[PDB]
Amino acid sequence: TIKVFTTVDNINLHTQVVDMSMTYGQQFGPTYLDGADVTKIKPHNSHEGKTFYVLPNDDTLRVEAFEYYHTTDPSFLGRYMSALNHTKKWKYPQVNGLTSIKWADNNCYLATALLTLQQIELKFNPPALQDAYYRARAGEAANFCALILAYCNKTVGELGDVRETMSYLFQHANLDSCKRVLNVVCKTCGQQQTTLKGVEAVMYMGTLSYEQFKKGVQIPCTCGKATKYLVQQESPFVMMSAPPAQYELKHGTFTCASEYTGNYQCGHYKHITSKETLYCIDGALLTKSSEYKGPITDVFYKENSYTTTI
């Protein structure tokens, strides 16, 4: 009989003694070591003293699981460990002071989101996401990528959209202070002002240029008449998205952008970031240029407080 530690958060640990003749599942339920399902595995003597992730079976473990992950979904732990088994084996090179991911298992959209998160100000609500966020910015991003897949209900290898992934992530972040007051002017219906908050205040689908959003875009009116322009914006950033089109990216006018080339869904993502010059991060590959023209679908801008003059 070996002694062992079980946990759900790797924070609050539990002393447990396990019989060497019964499998972990027969004593704890679904049990994992570093993402590897050991439910049907008998204890090895090398497993003495190690910490095992277990599915919550009592109320103390259920509460701890929520406090760290902010979910009661019983499938979360298993989807997390299943992804972790792959992401632990990816390569996370430092590219231009940023942690990227070497290409594997169609992870190009994950790497793009990982690079973007290192360049915008964001606080995650679940401690599990926040703690892994910090570890990722220091170069150890395996646990962070697995959580993104789990929180986004995505599996390793599945085809992912960066804008959808960012949106999912924003919903698990503290964006309560974010505000976007908008205005629509129709010839017949009149004028109308809408105030969006949270995730809807920081994302727009339609145009890539923040300037174009400030000037105003064409939207159909409720009576079929209109123009919609940004009045006030109170957020640490904004994300502008449009379907992949050729776009000129000028140094200093944006933070970072998503380049998408190829067919819908089965394509490939590249990350454009604006430093002292334009940089292109394609997994572990890095290229720099003074100007950039190419197929962009997301652009990220910096912000704090903006009030229009119209």
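If you superpose the two forms and keep the largest set of C-alpha atoms that fall within 1.5 Å, you have the rigid core. The first residue of the sequence shown is number 1, and the count goes up from there.
What stretch shows more C-alpha movement in 6 other deposited structures of this protein relative to this form, 1-9 or 300-308, after the core is superposed? Relative to the shown form, the greater RMS C-alpha distance in 6 other deposited structures of this protein belongs to 1-9.
More shifted region, core-based fit in 6 other deposited structures of this protein, 38-46 vs 266-274 by CA: The stretch that sits farther from the shown form in 6 other deposited structures of this protein is 38-46.
Absent coordinates between residue 225 and residue 226 - deposited residues affected, binned into four classes: Gap between residue 225 and residue 226: 1 to 3 residues without coordinates.
According to the deposited model, is the average Cα temperature factor higher in 97-105 or in 175-183? Result of the comparison: 175-183.
Can you let me know which of the two, 257-265 or 35-43, has the higher average C-alpha B-factor in the entry? Higher of the two, by average CA B-factor, is 35-43.
In terms of CA temperature factor as recorded, identify the highest of 66, 279, 52, 247. Reading the PDB entry, the winner on C-alpha B-factor is 52.
Which one of 189, 84, 136, 110 shows the top CA temperature factor in the record? Each of 189, 84, 136, 110 was compared by C-alpha B-factor; the highest is 189.
Where the record places residue 196 (Cα B-factor, split into thirds across the chain): Top third by C-alpha B-factor.
So where's residue 89 on the chain's Cα temperature factor ranking, which third? Middle third.
Lowest, middle or highest third: where is residue 216 by C-alpha B factor in its chain? Highest third.
Pull the Cα B-factor of residue 164 out of the PDB entry and bin it into the chain's lowest, middle or highest third. Lowest third - that is where residue 164 ends up once the chain's C-alpha B-factors are sorted.
Position of residue 75 among the chain's modelled residues by C-alpha B-factor, lowest, middle or highest third: Lowest third of the chain for residue 75's C-alpha B-factor.
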